[PDB]
Amino acid sequence: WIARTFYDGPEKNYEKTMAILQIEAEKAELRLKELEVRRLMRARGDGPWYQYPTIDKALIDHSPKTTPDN
Amino acid sequence: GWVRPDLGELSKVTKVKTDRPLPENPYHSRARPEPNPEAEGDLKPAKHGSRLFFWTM
Ligand SMILES: CCCCCCCCCCCCCCCCC[C@@H](O)O[C@H](CO[C@H](O)CCCCCCCCCCCCCCC)COP(=O)(O)OCC[N+](C)(C)C
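Protein chains in written order, with the deposited numbering: chain a, 120 to 189; chain u, 116 to 172.
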């Protein structure tokens with residue numbers, strides 16, 4: 120009676136643990152990958168992250184400058 | 116038979132018929148470095164949320 124009215128079968132907890140473990144393992148591997156990706160992007164700078172500004176080239180004036188040699 | 120130019124004529128910007136070729140690289144520039152990949156795609160929610168410590172969202 121107690122088992123019927125207060126508790127559930129082993130399958131529920133078993134498969135819930137399976138799902139929880141799967142989620143947590145994915146989160147762990149995601150964290151490790153994210154750290155490695157950050158290291159690579161900060162080292163090389165070829166990614167979208169850690170992009171530091173440079174001078175905009177639309178500011179350059181391309182016109183004769185009173186002197187042939189610029 | 117020389118007529119003296121009037122005011123505002125010698126300051127005109129005129130065109131020149133020349134047969135000298137136009138310099139293709141007058142600045143002697145190098146080849147510009149390749150730009151960043153410029154990735155594109157369609158946004159999806161972050162996998163398993165923020166994944167910050169114990170937060171599940
Ligand atoms: C001899 C026969 C009796 C044996 C003794 C049994 C006495 C049991 C008392 C102790 C109970 C321990 C806790 C049990 C309940 C745990 C919480 C919850 O799980 O129970 C819910 C039920 O709890 C009850 O609704 C409430 C219990 C409250 C007991 C209070 C007793 C004392 C009250 C005294 C009041 C006196 C009157 C006021 C006088 C001033 C149903 O659970 P549920 O989420 O479905 O479980 C999921 C799995 N299912 C679906 C298969 C069930």
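Just so you know, even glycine gets a beta-carbon here, dropped at the ideal spot from N, CA and C.
Inset, instruction - Locate the alpha helix (DSSP H) running through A146 (chain u), then write down its first and last residues. - result: The residue given as residue 146 (chain u) occupies position 31 in the second sequence. It is not in any alpha helix (DSSP H) - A146 (chain u) carries neither H nor E in the DSSP assignment.
Legend entry - Partners in chain a for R166 (chain u), counting only beta-carbon separations shorter than 7 angstroms: Here residue 166 (chain u) is taken as the residue at index 51 of the second sequence, counted from 1. Within 7 angstroms Cβ-Cβ: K146, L149 and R150.
Legend entry - Listed by chain order, chain u residues near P167 (chain a) by CB distance under 8 angstroms: Locating residue 167 (chain a) in the first sequence gives position 48, where the first residue counts as 1. Correct list: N151 and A154.
Legend entry - chain u contacts from the segment 123-142 of chain a (Cβ-Cβ distance under 7 angstroms): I142
Legend entry - Neighbour flag for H163 (chain u) against chain a, beta carbons, 9 angstroms: Here residue 163 (chain u) is taken as the residue at index 48 of the second sequence, counted from 1. True, the Cβ-Cβ gap to chain a drops below 9 angstroms.
Legend entry - Given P167 (chain a) as reference, the closest of a:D175, a:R157 and a:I174 once Cα atoms are compared: Against the first sequence, residue 167 (chain a) aligns to sequence position 48. Among a:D175, a:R157 and a:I174, the Cα nearest to that of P167 (chain a) is on a:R157.
Legend entry - Closest by C-alpha distance to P152 (chain u), when choosing among a:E153, a:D165 and a:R161: Here the question's residue 152 (chain u) lines up with position 37 in the second sequence. With distances taken between Cα atoms, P152 (chain u) lies closest to a:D165.
Inset, instruction - Give a single yes or no on whether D127 (chain a) has its beta carbon closer than 8 angstroms to a heavy atom of ligand 1. - result: Here the question's residue 127 (chain a) lines up with position 8 in the first sequence. Yes, the Cβ of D127 (chain a) comes within 8 angstroms of a heavy atom of ligand 1.
Inset, instruction - Quick one: give me the first and last residue of the alpha helix (DSSP H) that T136 (chain a) is part of. - result: Position 17 of the first sequence, counting from 1, holds the residue named residue 136 (chain a). Counting along the chain, the alpha helix (DSSP H) containing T136 (chain a) begins and ends at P129 to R163.
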